[PDB]
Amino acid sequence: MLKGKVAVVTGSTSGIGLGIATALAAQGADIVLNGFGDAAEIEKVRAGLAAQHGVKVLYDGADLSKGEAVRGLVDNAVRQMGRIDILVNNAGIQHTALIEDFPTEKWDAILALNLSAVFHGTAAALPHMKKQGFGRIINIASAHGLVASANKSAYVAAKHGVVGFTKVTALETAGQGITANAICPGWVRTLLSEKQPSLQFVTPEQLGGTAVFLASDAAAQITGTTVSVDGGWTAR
């Protein structure tokens, strides 16, 4: 279980992020939700999770495309929750186009959220985790952080960047009770034959369970690595 621990999950108002926040809440961890969406429905989700799992759940709608906002998300999480044991950098966007047709605006946006937000969030969380003597940074990369697909240059570059950044985070925190790993999902229903051998989608629940495992003490020495949840995508 994760009772007494605080988890911040970026982009948890829906999809994979919500699945991960839900799984962590079920383990007894207090949660800080984040992401865009309908204010009224987000409040329903927040209140629902808190009541269903008997944990404290807050919502911070910080726009993670801005570095100071990402750092602020972490700062306020610590101020209101008292600490930050788990940081799940999940928020992300995408865009398909040939490299020569790829809008610079889209390239910049994808790198800002999919990669730089991981840097800013990690930077703000580390001082706390080092002092606490405990930390779990779980970055949601992609199979595209390990291999590529045509027409997804910005996304693949950003995700590969996340994988590298994860490794550095791990090396800088090695032995300090902190681990940093990157979950690399294949397709999630948030087509299969071309990339996913199992011909089965990965689910937010499975990814939540994977995050829960990485947050456990059994994973104390799992650091600076990738955990592929892709139905065989990267095996071939």
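Sequential numbering from 1, following the sequence displayed.
According to the entry, the stretch of the deposited sequence that connects residue 190 to residue 191 contains 10 or more residues lacking coordinates, which leaves a long gap in the model. As recorded in the PDB entry, 76 to 84 is the stretch of 94 to 102 and 76 to 84 with the greater mean C-alpha temperature factor. The mean Cα B-factor in the deposited entry runs higher for 27 to 35 than for the other of 179 to 187 and 27 to 35. When the C-alpha B-factors of 228, 221, 10, 14 are read from the PDB record, the largest value belongs to 14. For residue 195, the recorded CA temperature factor ranks within the middle third of the chain's modelled residues.
When the modelled residues of the chain are ordered by their C-alpha B factor, residue 172 lands in the lowest third. Residue-level temperature factors show residue 132 in the highest third of its chain, judged at the C-alpha atom.
Sort the chain's modelled residues by C-alpha temperature factor and residue 52 lands in the highest third, per the entry. Residue 65: CA B factor lies in the highest third for its chain, per the PDB record.
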